[PDB]
Amino acid sequence: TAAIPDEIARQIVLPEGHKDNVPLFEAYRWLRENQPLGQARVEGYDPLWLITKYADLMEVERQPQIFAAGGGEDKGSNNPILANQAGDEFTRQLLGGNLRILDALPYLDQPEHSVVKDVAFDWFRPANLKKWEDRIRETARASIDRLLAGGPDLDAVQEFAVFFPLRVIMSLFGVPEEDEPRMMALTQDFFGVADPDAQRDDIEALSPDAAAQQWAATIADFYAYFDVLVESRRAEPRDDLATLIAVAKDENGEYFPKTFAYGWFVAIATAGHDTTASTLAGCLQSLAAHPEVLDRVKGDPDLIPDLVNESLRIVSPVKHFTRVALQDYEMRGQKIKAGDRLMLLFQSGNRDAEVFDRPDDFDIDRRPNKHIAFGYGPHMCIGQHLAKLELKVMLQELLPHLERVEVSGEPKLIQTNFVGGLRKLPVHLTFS
Ligand code: HEM
Ligand SMILES: Cc1ccc(Cl)cc1
């Protein structure tokens, strides 16, 4: 019944707790082993049930009529992306009483979620992505040509991994190549709201609501950019993903409001590349630690999808979304009360020893690989098949050219409790 101990709670709730993976994963492990379903009561945050167990993540996510993302019929009464209390107060001041700062899928509950998701559901199915595989492969091969030309010593993140997924999504999306640097900068602002090295110059960095102010400022910049793109594609439809979203109409023949397009565009322009970049960089870091795995996958390229799956499980770059209980609910001997918030810890589910043998080991021979890096339930990642295709294609093209990865300097993570992973991985590569 007791609250989670304060230092374990702070490790997971506070963005600074995520600066180093070792203490963070040890806190997730302490909970799974000693307090798998407890309430974190961190000063400055709402109380949060920390959902650390794989089975519990599925139990919550498969019951959206009980555990809402956006607050159910009181739309925007829950923030699906954990802000501190001061930050939610800033957003309620800006929006006028609620937290629905994007019309993107994470903010929506059924049935609205279902209607909006159906705009793009088919586009993102694996069979409908096959038509992009050759373009993706040409993009990978161009990126690998630049890697070979630049020599063996680089930051495998900022000087390699970041560019391929960004170019892929901007090409599919229809954003011109010259706009990639702006999209990259706004993505760093968006996922860096609590990172000391990613602060915007136009917000008060030290204010209690700084992250929320940065989130809002970044969204306003994306809206200004995507307003021009929506109007452009409505006036002159093209055969690109921007057009599918920009021209989408509801069951009465009316365009969805423009902010629904903007919400798709924010999600695709941020999570659509950053997560894949993180997983690719994390894969390279794991091949440096486990050179026998690199040798084995160069020996059998059909192991590449297994390597992608184990990279996704280990890196798990999307750390959480929040839910709110719409009714009291008993789980694992605990009484969740109506109105209580939950934090879904996908990275912790991915280390649950009840599901994975030697869960901290990098083991590509987990078949099936039961990871939950894409979440579960109706909100399960829409982009998962595009991410798996891009990582497969890049590894098919890159690994033949790599004999060895060495980490030659200190890795750096984004300091975030939300969408994290490496921002720097200094390497020495041995090529062929
Ligand atoms: C390695 C790559 C990725 C990982 C690990 C990842 C992970 C996730 C996770 C854990 C969620 C939350 C699921 C839940 O609430 O149960 C999610 C949601 C989402 N992701 Fe992905 N993602 C990746 C790639 C992508 C890509 C490539 C796109 C788009 C092109 C994308 C778009 C989205 C969107 C729109 C949502 C919200 C879905 C909803 O709330 O219904 N993601 N992702
Ligand atoms: C993973 C993720 C999906 C959608 C948004 Cl808006 C942000 C992050």
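Residues numbered from 1 in each chain as written, not as in the entry; some residues may be left out. Chains lettered and ligands numbered in written order. Heavy atoms only, no water.

(A) Representation of the site of ligand 2. Around ligand 2, the structure places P106, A267, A271, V318, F321 and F418. Protein coverage of the free-state accessible area of ligand 2, which is 270 Å², stands at 88%. (Near = heavy atom within 4 Å. Areas by Shrake-Rupley, 256 points an atom, 1.4 Å probe, with all protein chains shown as cover.)

(B) Structural view of the UniProt feature "binding site: heme b" (unreviewed entry) in the chain. Under the present numbering, the feature "binding site: heme b" (unreviewed entry) in UniProt falls on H113, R323, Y376, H379 and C381. With respect to the secondary-structure elements, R323 resides in strand 5 (residues 322–325). If near-sequence neighbours (up to four positions away) are discounted, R323 is found in contact with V60, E61, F67, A68, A69, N78, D340, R341, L342, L344 and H379. At a separation of 2.8 Å, a polar atom in the side chain of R323 contacts the side chain of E61. (UniProt positions renumbered as here; feature names shortened; annotations may be inferred. Helix = DSSP H or I, 4+ residues; strand = E, 2+ residues; numbered from the N terminus. Contact = heavy atoms within 4.5 Å. Polar contact = N/O pair within 3.5 Å; in protein donor to acceptor, adjacent residues only side chain to side chain.)

(C) Spatial organisation of the state of the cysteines. Considering all chains together, one arrives at zero disulfides under this definition. Between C283, a free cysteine, and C381, which holds the nearest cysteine sulfur, the sulfur-to-sulfur gap is 18 Å. Of the residues examined, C381 reaches a relative accessible area of 30% and is grouped as partly exposed. (Disulfide = S-S within 2.5 Å. Buried < 20%, exposed > 50% of the residue type's maximum accessible area, 1.4 Å probe, protein only.)

(D) Layout of the coordination of the iron atom of ligand 1. No protein donor other than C381 (SG) coordinates the iron atom of ligand 1, and that contact is at 2.4 Å. Within the secondary structure, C381 is located in the loop between helix 16 (346–349) and helix 17 (384–398). (Donors = N, O, S within 2.8 Å, 3.2 Å for Na, K, Ca; no water.)

(E) Local environment of the sheet that holds strand 3 (residues 67–68). Across the sheet, five strands lie side by side as 1-2-8-5-3; this open sheet has mixed pairing. Looking at which strands have only one partner, the edges of the open sheet turn out to be strand 1 (37–40) and strand 3. Examined bridge by bridge, strand 1 and strand 2 (residues 48–51) share four bridges and lie antiparallel to one another. When the sheet's bridge partners are listed, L37 is paired in strand 2 with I51. (Pairing = 2+ DSSP bridges.)

(F) Expanded view of the packing of aromatic side chains. Scanning the model with the defined rule gives 18 aromatic pairs in all. Taking 5.1 Å as the distance between ring centres and 85° as the angle between the ring planes, the aromatic pair formed by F321 and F418 counts as edge-to-face. Of the two residues, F321 is situated in the loop between helix 15 (304–315) and strand 5 and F418 in the loop between strand 10 (412–413) and strand 11 (422–424); the sequence distance between them amounts to 97 residues. We classify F418 as buried; its relative accessible area is 8%. Within the aromatic cluster, the residues linked to one another by ring pairs are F173, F190, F191, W215, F222, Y225, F226, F265, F321 and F418. In this structure, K131 is placed above the aromatic ring of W132, and the distance from its NZ or CZ to the ring centre is 5.8 Å. (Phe/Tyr/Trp six-rings, centres within 6.5 Å; stacked < 30°, edge-to-face > 60°. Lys NZ or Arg CZ within 6 Å of the ring centre and 35° of its normal.)

(G) Here's a closer look at the sheet that holds strand 12 (residues 426–431). Strand order in the open sheet made by the three strands is 4-12-9, with antiparallel pairing throughout. Each having just a single partner strand, strand 4 (153–155) and strand 9 (402–407) make up the two edges of the open sheet. The sheet shows a mean angle of 30° between the axes of neighbouring strands, direction not considered. (Axes fitted to C-alpha atoms, helices over the stretch in contact; angles between N-to-C directions.)

(H) Expanded view of the side chain of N369. Tracing the backbone shows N369 in the loop between helix 16 and helix 17. A polar atom in the side chain of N369 sits 3.0 Å from the side chain of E310. Ignoring sequence-local partners within four residues, the contact set of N369 consists of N309, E310, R313 and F356.

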